[PDB]
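K.L.:
Below: the sequence, then the experimentally determined structure.
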Protein chains: 2
Amino acid sequence: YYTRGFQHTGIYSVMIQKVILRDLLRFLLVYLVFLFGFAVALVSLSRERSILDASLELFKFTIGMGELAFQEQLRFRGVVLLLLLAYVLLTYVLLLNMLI
Amino acid sequence: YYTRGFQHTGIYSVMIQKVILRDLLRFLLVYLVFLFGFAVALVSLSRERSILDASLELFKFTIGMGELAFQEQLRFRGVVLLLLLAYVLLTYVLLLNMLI
C-alpha cells in the first residue's frame, strides 16, 4: 500500500490496480469451474487420480508440470488423453483471451 | 556494449535499455520481499523445507518446477497448500502488471 509516493511507480500502479480489480475477478470463477468439472470427469472415468481432491494435476498442468502420459492399466486411456488435451487447449485459450 | 552500430538494432536497443533501467529496478525488490516472506512463513509452519535457506522452491515455482503436492506427514497440509496458491497467484499477477 505504501507505493502512494514515488510518482513513476504510482501513475501506472493505480491504473493497473483498477484494471486488475475490474477484470481478473471474472477469470478465477470460470477457470475454477472448468477445473472442477474436468477433475470430476477424470475421477469418475478413472474409477474403473483416485479421489475428487486429486485435482492438483490440472494445476500442475497450468503451471508447467502434469506428467501427461498413458495410464497403462486404465483401458479407456484414449478418452483420458482426449480430455486432458481438451482441458489444456481450453485453459490456454482462456488465458490468451484474458491477455488480449 | 558494442551494439552501438547496426542502426536497426540500436534504435530499439537504446530505448528498451532506458525502459528496462527505469522499470525493472522496482520489480526485483518487491518480488524478493514477497518471496522471503512466504519462505519464512512456510519454514515456520512446517517445523511442527527445513531451513530458511530452503526458499528455492518458490524460484522453482516461478520458473516451472516446484512439485506442488500434499506433504503427508505435515498435519496442516491445507494451510501450506493455501499459502502456495496465494503465492503463485500473487507472482503471476505481479508479472502480468509488469508486462502491461
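P.N.:
That came in fine, so what should we check first? Numbering: from 1, shown residues only, chains lettered A, B, ... in the order given.
K.L.:
can you map out the helices along chain A?
P.N.:
Counting by DSSP state H, chain A has these helices, from start to end: A:7-23, A:28-46, A:56-63, A:77-99.
K.L.:
residue in chain A nearest to chain B?
P.N.:
Distances between chain A and chain B by CB to the nearest CB are smallest at residue A:64, namely 3.8 Å. C-betas here are computed from N, CA, C, even on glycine.
K.L.:
Got phi/psi on the residue nearest to that residue when sequence neighbours are not counted?
P.N.:
In space, and not counting its chain neighbours, residue A:64 is closest to residue B:64: 3.8 Å by CB to CB, 6 or more residues apart in numbering or on different chains. Dihedral pair for residue B:64: phi 140, psi -30, per degrees, to the nearest 10.
K.L.:
Around chain B, which positions in chain A sit nearby?
P.N.:
A:6, A:8-9, A:13, A:16, A:19-20, A:24, A:56, A:59-60, A:63-65 (CB under 8 Å from any CB of the partner chain).
K.L.:
The same query, at a cut-off of 10 Å, please.
P.N.:
Within reach of chain B by CB under 10 Å from any CB of the partner chain, chain A has these residues: A:3, A:6, A:8-9, A:12-13, A:15-17, A:19-20, A:24, A:28, A:53-54, A:56-57, A:59-60, A:62-65, A:95, A:98-99.
K.L.:
returning to that earlier point: and residue B:83, which of the helices of chain A is closest to it?
P.N.:
Of all the helices of chain A, helix A:56-63 sits nearest to residue B:83, with 14.2 Å by CB to CB.
K.L.:
could you say what helices and strands the closest one packs with?
P.N.:
Judged by 3 or more CB pairs under 10 Å, 6 or more residues apart in numbering or on different chains; DSSP states H and E, helix A:56-63 is in contact with helix A:28-46, helix A:77-99, helix B:77-99.
K.L.:
who does the first one touch, helix- and strand-wise?
P.N.:
Packing contacts for helix A:28-46, counted by 3+ CB pairs under 10 Å, 6+ apart, involve helix A:56-63, helix A:77-99.
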